[PDB]
């Protein structure tokens, strides 16, 4: 259970489909993976020791993507899918460009980040939305942070052209609710992978994003004043045979040594707390 409202409680079984897939690759940041750009600041032809919310070198990712057709498992909405959100998380999300009847699409899972997922708290929801404008497929990314009455079994659905045996249903507030924040963000539907930093500090939530390269740019920030404790990558139901990936590794507060081209491109990094070599390599930045 995520919310605590028995919504459209049909086509649900208790089927064990296993546990989120572990990546064969670990976090290695030795040229950018897991780093972000500084908001309203651009460094050229220089290194820079920097504290921040970075993923842990040697840590694996987990594929939190859940793909359904009609049936949802009750086990999909518990640990280990309903996961702890501490400092933050880093996401490598695949843009599933399923090709059907000539046209190419752009599906990937929604993620909700909250405390209790009840209308008494706020919950962040980062949901993709696709639509055609004269047969050209457009990418949106509907961010919203609201006092949602979340369902026990929240799921999104794919584009209706790919076929759906379920209606989209994650919250039941067809009555208009109190929201701290909501705006849409366009993304390039021709992107191989989308990357996200989601972290919190002193009651403020932070989001970084990129649909080009792996190094994320700043997206938005929002003062909650509360402390976020959980994330859930929602199952996406579809008739078409999509191949979903939402790869997540957690963030902790760490010092990194970053490096920039003359064109301001972060091209190299050192996980400074990973290694006795790395520690030595950073601390030696004070005038020798």
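Numbering follows the first chain given and starts at 1.
Q: If you average the Cα B factors in the entry, which is higher, 39 to 47 or 240 to 248?
A: Comparing 240 to 248 with 39 to 47, the higher mean C-alpha B-factor belongs to 39 to 47.
Q: Should the higher mean CA B-factor in the entry be assigned to 189 to 197 or to 167 to 175?
A: On average, C-alpha B-factors are higher across 167 to 175.
Q: From 89, 133, 110, 113, can you pick the one with the highest C-alpha B factor in the entry?
A: Highest CA B-factor of the listed options: 133.
Q: Comparing against every modelled residue in the chain, figure out the third that the C-alpha B-factor of residue 122 lands in (lowest, middle or highest).
A: For residue 122, the deposited C-alpha B-factor lands in the middle third.
Q: Per the entry's values, where does residue 33 land by CA temperature factor relative to the rest of its chain, in the lowest, middle or highest third?
A: Middle third.
Q: Can you tell me whether residue 104 has a C-alpha B-factor in the lowest, middle or highest third compared with the other modelled residues of the same chain?
A: It falls in the top third of the chain.
Q: Just say lowest, middle or highest third for the CA B-factor of residue 63 relative to the other modelled residues in its chain.
A: Its C-alpha B-factor, which the entry lists for residue 63, ranks in the lowest third among residues of this chain.
Q: So where's residue 162 on the chain's Cα temperature factor ranking, which third?
A: Middle third by C-alpha B-factor.
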